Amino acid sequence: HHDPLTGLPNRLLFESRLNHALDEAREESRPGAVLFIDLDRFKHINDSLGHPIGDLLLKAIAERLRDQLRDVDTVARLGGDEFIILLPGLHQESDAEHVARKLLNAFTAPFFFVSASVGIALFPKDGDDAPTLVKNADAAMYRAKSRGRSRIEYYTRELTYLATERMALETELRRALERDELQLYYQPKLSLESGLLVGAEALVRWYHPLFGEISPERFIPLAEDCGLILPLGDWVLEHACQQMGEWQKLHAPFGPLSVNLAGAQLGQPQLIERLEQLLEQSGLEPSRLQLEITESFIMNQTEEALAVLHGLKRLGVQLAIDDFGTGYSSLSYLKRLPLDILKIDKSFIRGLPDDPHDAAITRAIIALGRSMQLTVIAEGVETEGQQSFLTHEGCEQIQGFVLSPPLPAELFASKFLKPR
């Protein structure tokens, strides 16, 4: 009746408790919460460290989850790396919030560091029976996966379908290449000192007849999830290289071409040798290619990236840290990284210049970047006012809608490139 490994109640027992909780709810109009907790990227840990460590980490997390709740509450392992939590007898519906953060914050400390995404389903608001509530909380949890990770999300009518949609995309992504469904769009970069074009970024567009245009931000995670990141990443790299190689012949220089590089790709053994090859074929000087690695990966409290990163520098490729400013980071480790560029996350820029918090952190990032001799570029710049603000504050480069949204090669060349 209890999970042997963790000693926690099983799915069955839980649903018995939830029923009593539901009776309690309708008898004494006292709302409740069902939280679904799934661990962030646990396979990589099982492979990286082996079951021995895994089975242990689960026991540890189990305990720490219990130590965060009251005796009235219930914590169960639902199977796999998934814990379902029952908060009955909430005085107010908003209480589930404070208890959610506690649970999420239990993971901030170490155990070996792991993370988890939480989905909240309130009752009876979001369901009046066990299967429905469990099903919804899960759907919420998936939305936390959808929106980055290591976060909590609430259930909303729509996001049950959004969850099953993402699942569908994973299988279709396998056919993406066979069908001519992948494209590269290009976005210009602007330096504020001068008024000149200083480079561009390649973005991956995936089209599907059922689901329409899929966004790059949502595309890569999917490719990672279904283990196609390598094959797809290679396709993206090569086509980026090809495009730059072509432009070098039919158009005047505008700087380097930028591309997102997934951690999984950084983990490959033949990457550096692969890139050499690709750069040679297109007749490209290595520095003409810029690889963007997202901060959250680099700052996973495990400096496994250094080794490879230096190789890429010895190759001559430019390295940029992407989506910087959010979450946790290490200043010590930030300097040890051979980076040329630091990209300011959109979130902080979208608020410029009105919001003082965003403005405050933008300055901090700007000043931090110059101290560590890194070129600072702001991404998501949407208004002339933001550009002006960033210009005074001494941001070096901008990228976003003020200049141009992503464009197809032809339109991009047509609009921004000159002859030579």
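Residue numbers here begin at 1 and follow the sequence given.
In this entry, residue 111 is separated from residue 112 by 4 to 9 residues of the deposited sequence that have no coordinates. Higher mean CA B-factor, judged across 130 to 138 and 303 to 311 from the recorded values: 303 to 311. The stretch 88 to 96 shows the higher mean C-alpha B-factor when 88 to 96 is compared against 258 to 266 in the entry.
For the set 151, 166, 239, 343, the maximum C-alpha B-factor listed in the entry falls on 151.
In this structure the maximum Cα B-factor among 122, 204, 272, 321 is found at 272.
In the deposited entry, the Cα temperature factor of residue 249 places it in the middle third of its chain's modelled residues.
Annotation for residue 40: C-alpha temperature factor in the middle third relative to the rest of the modelled chain, per the entry. When the modelled residues of the chain are ordered by their C-alpha B factor, residue 73 lands in the middle third.
Annotation for residue 367: C-alpha temperature factor in the middle third relative to the rest of the modelled chain, per the entry.
Per-chain ranking of the deposited C-alpha B factor places residue 327 in the middle third.
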